[PDB]
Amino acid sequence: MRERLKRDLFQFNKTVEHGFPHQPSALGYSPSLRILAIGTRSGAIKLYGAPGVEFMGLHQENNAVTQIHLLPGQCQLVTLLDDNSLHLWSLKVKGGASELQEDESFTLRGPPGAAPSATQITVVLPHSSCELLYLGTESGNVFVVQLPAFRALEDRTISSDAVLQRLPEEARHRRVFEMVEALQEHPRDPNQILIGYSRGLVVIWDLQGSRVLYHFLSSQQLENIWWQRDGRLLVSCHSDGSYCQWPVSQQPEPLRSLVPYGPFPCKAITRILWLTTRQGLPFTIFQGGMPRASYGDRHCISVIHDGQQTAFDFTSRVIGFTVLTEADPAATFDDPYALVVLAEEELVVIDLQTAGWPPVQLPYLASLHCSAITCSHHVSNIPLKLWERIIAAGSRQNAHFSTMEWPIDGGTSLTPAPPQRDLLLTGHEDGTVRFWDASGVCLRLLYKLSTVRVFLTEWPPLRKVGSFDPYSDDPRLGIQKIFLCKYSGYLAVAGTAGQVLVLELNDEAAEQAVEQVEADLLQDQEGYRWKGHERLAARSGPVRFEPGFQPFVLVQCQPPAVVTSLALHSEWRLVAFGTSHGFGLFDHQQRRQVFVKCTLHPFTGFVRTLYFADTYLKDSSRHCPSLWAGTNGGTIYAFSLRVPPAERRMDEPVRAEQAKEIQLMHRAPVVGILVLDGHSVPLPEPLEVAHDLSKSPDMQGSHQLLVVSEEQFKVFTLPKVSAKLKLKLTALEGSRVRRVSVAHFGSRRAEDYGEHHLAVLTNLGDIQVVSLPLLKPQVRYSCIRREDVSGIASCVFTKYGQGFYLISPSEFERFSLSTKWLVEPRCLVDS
């Protein structure tokens, strides 16, 4: 088409990322803005508020973010990288919406000669005046930096030698690297700061008078400090797994000291929080302290409150955590209500008001890889009734979750609610299928299906939380293919060990037996054998299923090989499935096998593609149901299908006969099969005409068969299968087709106009649009690196010109090639 017409239809943009960012390294939180901050090893900074409020930034040096400090009240933040550099970020409103940008940077450097092991920043303390940064270092010296306009203030430095001179003789036995471990401001006096050193010396320092007001020397090595809200109590934690309480009123002794998980030797308690409540029952949250021999491998955060104590246990390393408190600066009590934990593989939020401390559902930042993703499947425009029933069944399985509204709700989302409901289904290694709301900026878990059901298999107070599982139990359960009929609520899922399940949406629970049917694909091949995966043992007798997608029939391929293709026709109530050996058709109404076809006689018979079509196979006048299969060797099989009417659906059996066998002479694997109607419009989905008679295919004009191989596109006329058009992609451009999907491209110049075209993902990671029906290449975009074999394998298209691919094991990148779609965040955040 003309280039002016291309610009109304096609335009490539990567718009948003969905999921849990790879390898987090720092956590920050602003209690005034109610906004979460996450830094990564790659130098990324990511901010989150209410759903729709999110920002991303990148440090120019791609070094790990180690600390994030959102300035009190202000719309600013200071990050620290592992190269010891500090950076000042801000949220300025440009164009009525907020945006994140880096203002300045600063590397604290000592006089030439001083080792870097001395100027290494340990603690960053933003002063309540919002004008000064106090910087503790491994040498024991506290430096002061002005804000904004980064400038060190050498006259305000608090050195270790200046502190030790104000102290008695027995408190002066310093180490070479005093190592500032704590650096805090008095909660009720901006003139006093606490400095804590590794060897156990803690001082309270009068900034204006340059003198020590208070000090103690703990018996154990110091790890961290917490200053009670009123400033009259200090809690320290130590390298032997103990913590002490200290009064603040000179040179005192501990009020209390204990190793919470003794008497065994314990690992350090590395962070501790002491939080008051109006009810007079304080919270004690601390990280670590595990018995070294039996639990040293554990990633724990313990919570003590009102005689109750739980050691929350996470399956990945704790990167950082925070506790949301009802209190603002003025409040007398802290009153915690949520514990937010950033682990290396997931975010976890705990409700601290509700007894039992239940988890909070995530609206975003979901660990898509809590079981490894093995396939995906996108469905656009969901019927509202089906959508509500999915969401309903999701709530029923999430009853153990807290009812607390999402607390990290800062900012204001400026984007209207999505007009269209999109679903992204993910298949996983453990046999689960998750239903994600892919409509807008936030990818939210709506419902989870577990297919493992149909097959056969206190001190410290550990409680396992989170969802990430690092262990691979049974790879046979892995979901390979997914087909959801958004009209009938039927669902077909296919697995790694030849298992094919057809399921149906149900509002209520059910107790039923899953009917098992074997599909032997080597029936006409004696002497064969199967090396490897034994079939999954199915549950005999009835099984109880919660509300959701409930399986009623299991088709077990023999041999139980990886199911390599799947198609479901919800109107004819048939399911087709392929393996490396052959393919077969199954009547899931009668729960009987219609036919089975082996493909190993002229891998090569490897069935890549399956496609139902009501089109012309023999005569130009009558159009019958049909199934099409494409193989790795360029072969296309077509089967005429006799489907009884509604009344006779259970009385007479469905009949099939091989009507066509087309061979592509270039002999490349068939990746896509499609039929266009008389107006060259692709045939509609099953039950789409039943729900919309305007989509009834044109039977007046001649139908055309589109076959896409890895090397070529080809259009034949039906029923003769006479060649009409072709595009030799690999010959022309040197690229190979990885996958291809039909996509409707609407015009941005005409409100209600659009054309169907082919979205094509190549083995070079490119994304091409090939026109229909003429097979002319329209646009080619760079998207995924050609070396990114996992990202290319994970890429999935939408029906209307969007797409998703995995940039990491745990998050998608959303791209759009259509001018009608641009799902990006737009939000406002102010103080």
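Residue indices: 1-based, along the sequence shown.
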Could you bin the unmodelled part of the deposited chain lying between residue 249 and residue 250 as none, 1 to 3, 4 to 9, or 10 or more? 1 to 3
Is there a break between residue 457 and residue 458, and how many deposited residues does it span: none, 1 to 3, 4 to 9, or 10 or more? 10 or more
Taking the recorded C-alpha temperature factors, which stretch has the higher mean, 349-357 or 174-182? 174-182
Would you determine, from the values in the PDB entry, which of 612-620 and 442-450 has the greater average C-alpha temperature factor? 612-620
Highest Cα B-factor in the PDB entry belongs to which of 514, 708, 324, 636? 514
Just grab whichever of 154, 313, 138, 422 has the top CA B-factor as deposited. 154
Is the Cα B-factor recorded for residue 713 in the lowest, middle or highest third of its chain? lowest
Modelled-residue ranking by C-alpha temperature factor, third containing residue 696: highest
Entry-reported C-alpha B-factor of residue 235 relative to its chain, by third, is lowest
Report the third (lowest, middle or highest) to which the CA temperature factor of residue 824 belongs, ranking only the modelled residues of the same chain. lowest
Chain thirds by Cα B factor, record data; residue 113 belongs to the highest
